[PDB]
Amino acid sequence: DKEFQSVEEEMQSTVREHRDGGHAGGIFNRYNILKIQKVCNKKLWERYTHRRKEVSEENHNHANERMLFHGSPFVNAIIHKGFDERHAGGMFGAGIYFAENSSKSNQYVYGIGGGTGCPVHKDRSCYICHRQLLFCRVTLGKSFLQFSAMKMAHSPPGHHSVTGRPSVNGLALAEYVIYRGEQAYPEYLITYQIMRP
């Protein structure tokens, strides 16, 4: 399957060396991809496409959709109930955060800063336990570009998302923030392990 090889390639090629030396997400240069499942939730898909059409109409007939990663200990709840801003602290406030680098999303799979790592071994660098990440369709619409912390409750006026851009004093890598759960669809569920270098 070419569609699934495309997802594996995005997962592998977007890995970066992290500033925390692997503290949050573990030490690795690549993953062992175990499974890639396409999520088919009709109710969530229509909530997503309905919002996407509204955003496109408010953004010069352009949804500004991107495929982005999301790491969370609550992936199962997300694939069933969708993203939920009511469950959203954060550099850009009360939003739902996505990354274009899979290894950045991997830092959130076991909690903020990697939490205490895997449930079985309490290891943020566990090579044994299988992890899950989502590869999502995200509607950014008119995205507000920001470099420094800007604690928002909602998108800035006239905007549909916030894009955090890398800066000397700030972010190492980009991040994308939405403030309405219906602006993302959890399209692929990736089951994987981080691999020992």
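Heads up: residue numbers just count along the shown sequence, starting at 1. Each form is matched to the other, and the largest set of C-alpha atoms that superpose within 1.5 Å is called the rigid core.
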Which stretch is less alike in 9 other deposited structures of this protein, 171 to 179 or 185 to 193, counting RMS CA distance after the rigid core is superposed?
171 to 179
Which stretch is less alike in 9 other deposited structures of this protein, 30 to 38 or 158 to 166, counting RMS CA distance after the rigid core is superposed?
158 to 166
Would you mind checking whether residue 52 is unresolved in the model of at least a third of the other PDB entries compared?
no
Is residue 61 unbuilt in at least a third of the other PDB entries compared?
no
Check the entry and tell me how many residues of the deposited sequence have no coordinates between residue 94 and residue 95: none, 1 to 3, 4 to 9, or 10 or more.
none
Select between 10 to 18 and 185 to 193 the stretch whose C-alpha atoms have the higher average B-factor in the entry.
10 to 18
When mean C-alpha B-factors in the record are compared for 29 to 37 and 144 to 152, the larger belongs to 144 to 152
Selection by C-alpha B-factor (highest) of 159, 165, 52, 70:
165
Per the deposited entry, the peak Cα B-factor within the set 171, 134, 138, 44 goes to 171
CA B-factor ranking of residue 127, expressed as a third of its chain
highest
Record-listed C-alpha B factor of residue 81: chain third
middle
In terms of the chain's CA B-factor thirds, is residue 121 lowest, middle or highest?
highest
